[PDB]
2 protein chains.
Amino acid sequence: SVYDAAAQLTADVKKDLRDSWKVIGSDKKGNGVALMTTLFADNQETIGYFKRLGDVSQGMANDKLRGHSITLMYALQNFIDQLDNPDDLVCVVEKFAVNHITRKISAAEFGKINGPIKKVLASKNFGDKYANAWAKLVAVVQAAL
Amino acid sequence: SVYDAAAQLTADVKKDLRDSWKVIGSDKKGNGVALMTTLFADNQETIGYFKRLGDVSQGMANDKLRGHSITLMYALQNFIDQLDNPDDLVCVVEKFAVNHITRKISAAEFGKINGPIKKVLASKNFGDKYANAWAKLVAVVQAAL
Ligand code: HEM
Ligand code: HEM
């Protein structure tokens with residue numbers, strides 16, 4: 001259940017999420033596109049879900065991909081900002097879950113984002129400790145799908 | 001067409017947008033809900049588009065409405081952050097427009113948000129000057145619908 005998953009966000013997990021986001025969230029356009037390009041490269045099977053974006057291999061040059069990527073980073077920003085209040089984190093998570101549920105994105109499918117996050121984190125000197133913290137946040141979303 | 005609308009965003013308009021956002025965007029939950037509840041109060045017909053939110057009369061206490069309202073404010077945060085780069089502003093606005101186009105929301109219907117914005121701004125003491133600046137930002141979105 002999403003309510004139980006949200007309870008997994010302990011003090012130190014929230015702290016690691018904030019400290020890493022301070023760096024990653026500094027460049028939403030660059031890191032956003034990096035996150036999406038890595039997902040498509042590591043999991044080509046997911047490209048089909050993004051037909052609306054057009055040629056995803058163009059990266060930054062693709063306006064729709066860039067617009068999508070920047071927006072994705074504001075969803076993460078939203079989550080980080082709601083860490084203080086579990087009640088608000090949950091309602092924002094379920095809200096965001098609806099859009100993915102509508103596109104028939106399962107919890108297992110959503111979980112594929114963990115790889116790309118771990119890689120982007122690593123490129124900024126944030127190791128496993130941080131990747132695992134982010135995995136916990138992603139898990140909250142998975143519980144709502 | 002969206003680029004042309006974005007041209008109306010002059011240096012003075014962008015300055016008023018940023019200054020007012022510094023206050024309005026500081027309480028996303030509070031002001032986001034105030035915006036939505038004012039829209040419903042002044043234009044009851046718009047409630048027809050929000051059946052998914054349920055009992056919108058509960059206001060802040062309604063989790064779905066609260067979740068939706070906080071998220072709406074991050075859309076504005078996104079727009080405000082992209083003001084200095086027309087290319088990025090445009091791709092984000094177009095991305096956002098897709099969701100409202102799919103829900104058959106016309107430019108005229110979308111423009112009904114201008115009244116609520118003016119009232120929320122006035123509640124924080126930002127006069128007509130600021131309301132006019134925000135109406136121009138809204139116009140960029142309308143150009144995409
Ligand atoms: C960190 C995790 C993720 C975040 C925060 C995220 C965020 C978002 C946001 C904010 C949108 C745009 C608003 C909307 O249309 O609902 C979106 C759209 C979408 N997401 Fe995700 N997402 C994530 C992971 C995934 C994954 C792993 C998949 C599936 C492989 C997925 C599939 C989709 C699809 C298909 C769209 C529609 C794109 C379009 O046609 O414009 N998302 N996502
Ligand atoms: C400043 C103006 C506005 C902003 C920033 C805004 C923002 C948003 C965002 C971010 C979403 C959720 C993500 C998505 O699914 O696309 C959304 C959904 C929606 N918006 Fe807007 N919106 C605005 C004005 C309006 C107006 C005036 C209407 C029309 C009466 C409208 C109708 C809708 C509808 C029907 C949904 C889906 C709600 C749901 O089922 O949860 N929006 N809007």
# chains A, B, ... in the order shown; residues from 1 in each chain; ligands from 1
call {"tool": "residues_around", "arguments": {"residues": "residue A:12", "least_positions_apart": "3", "cutoff": "12 Å", "atoms": "only C-alpha atoms", "output": "JSON, numbers by chain"}}
result
{"A": [8, 9, 15, 16, 17, 18, 19, 83, 129, 130, 132, 133, 134, 136]}
call {"tool": "write_last_selection", "arguments": {"atoms": "C-alpha atoms", "output": "compact mmCIF listing (two decimals), in the first residue's frame"}}
result
# COMPACT_ATOMS: atom_id res chain seq x y z
CA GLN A 8 9.60 3.62 4.67
CA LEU A 9 11.02 7.10 4.10
CA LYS A 15 18.24 13.46 4.18
CA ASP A 16 20.06 11.55 1.44
CA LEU A 17 17.29 12.39 -1.03
CA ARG A 18 17.62 16.11 -0.26
CA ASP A 19 21.42 16.22 -0.34
CA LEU A 83 8.94 14.89 2.20
CA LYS A 129 23.77 4.75 -0.66
CA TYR A 130 21.98 7.43 -2.68
CA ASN A 132 19.05 3.01 -2.74
CA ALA A 133 17.47 6.09 -1.17
CA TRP A 134 15.97 7.03 -4.53
CA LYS A 136 12.77 3.84 -1.84
call {"tool": "residues_near_ligand", "arguments": {"ligand": "ligand 2", "cutoff": "9 Å", "atoms": "only C-alpha atoms and all ligand atoms", "output": "ChimeraX atom specification"}}
result
/A:95-96,98-99 /B:35-36,39-40,43,45-53,64-65,67-77,79,95-100,103-114,117,134,137-138,141
call {"tool": "closest_residue", "arguments": {"among": "B:92, B:131, B:101, B:120", "to": "chain A", "atoms": "only C-alpha atoms"}}
result
B:92
call {"tool": "atom_distance", "arguments": {"atom1": "atom CA of residue B:142", "atom2": "atom CA of residue B:115"}}
result
15.0 Å
call {"tool": "select_by_dssp", "arguments": {"residues": "chain B", "states": "helix (DSSP H, G or I)", "output": "VMD selection string"}}
result
chain B and resid 2 to 6 11 to 24 28 to 42 44 to 53 56 to 61 63 to 81 86 to 102 107 to 123 128 to 142
call {"tool": "closest_residue", "arguments": {"among": "B:88, B:55, B:4, B:128", "to": "chain A", "atoms": "only C-alpha atoms"}}
result
B:88
call {"tool": "closest_residue", "arguments": {"among": "B:93, B:80, B:144, B:41", "to": "ligand 1", "atoms": "only C-alpha atoms and all ligand atoms"}}
result
B:93
call {"tool": "closest_residue", "arguments": {"among": "B:26, B:125, B:37, B:57", "to": "chain A", "atoms": "only C-alpha atoms"}}
result
B:26
